[PDB]
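Colleague: Below you will find the structure I want to go over with you.
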There are 2 protein chains.
Amino acid sequence: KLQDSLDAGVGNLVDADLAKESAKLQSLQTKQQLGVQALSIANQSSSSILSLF
Amino acid sequence: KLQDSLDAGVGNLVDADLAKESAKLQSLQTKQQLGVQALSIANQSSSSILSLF
């Protein structure tokens with residue numbers, strides 16, 4: 001009985017909640033996809049200078 | 001496990017960041033296109049002398 005209590009205590013200390021990690025993973029994947037597109041938008045600046053010359 | 005650690009370490013040593021290389025490539029391509037036009041502008045100097053004679 002004591003060993004079961006100690007195992008449960010350590011698990012309570014260091015375990016995670018995967019239900020929350022799923023939501024965080026979804027939001028972060030969407031944000032990374034948006035960040036790549038934002039970098040692509042930022043790269044195409046200064047390309048309009050060539051028309052002046 | 002140790003072999004995985006060593007491979008990751010070497011990769012950390014010698015790998016590049018392609019997100020930055022994309023931006024640098026765009027800027028350098030634009031600058032080269034502008035440089036060719038600038039050289040073309042510089043060539044056409046001294047062509048106006050012939051009108052004096």
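We name chains A, B, ... following the order of the structure tokens; residues begin at 1 in each chain, and ligands are numbered from 1 as shown.
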Would you list which chain A residues are within 8 Å of chain B using only C-alpha atoms, as a PyMOL selection string?
Modeller: chain A and resi 43-44+46-47+50+53
Colleague: Can you spit out the residues from that selection as a short mmCIF file (atom, residue, chain, number, x, y, z; two decimals), in the first residue's frame, using N, CA and C atoms?
Modeller:
```cif
data_model
loop_
_atom_site.label_atom_id
_atom_site.label_comp_id
_atom_site.auth_asym_id
_atom_site.auth_seq_id
_atom_site.Cartn_x
_atom_site.Cartn_y
_atom_site.Cartn_z
N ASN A 43 10.06 39.25 -47.18
CA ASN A 43 11.17 39.14 -48.12
C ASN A 43 10.92 39.96 -49.39
N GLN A 44 9.70 39.92 -49.91
CA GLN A 44 9.41 40.54 -51.20
C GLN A 44 9.45 42.05 -51.18
N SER A 46 11.30 45.77 -51.24
CA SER A 46 12.40 46.39 -51.98
C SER A 46 12.56 45.83 -53.38
N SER A 47 11.67 44.95 -53.84
CA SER A 47 11.73 44.47 -55.21
C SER A 47 11.20 45.48 -56.21
N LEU A 50 13.56 48.35 -58.80
CA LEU A 50 14.11 48.17 -60.14
C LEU A 50 13.30 48.90 -61.20
N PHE A 53 14.57 52.48 -62.23
CA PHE A 53 15.74 52.62 -63.09
C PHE A 53 15.56 51.86 -64.40
#
```
Colleague: Quick one: pick out all alpha helix (DSSP H) residues within chain B from a backbone DSSP run and write them as a PyMOL selection string.
Modeller: chain B and resi 2-14+18-43
Colleague: Report, in Å with one decimal, the straight-line distance from atom CA of residue 49 of chain A to atom CA of residue 35 of chain A.
Modeller: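 About the pair atom CA of residue 49 of chain A and atom CA of residue 35 of chain A: they are 25.4 Å apart.
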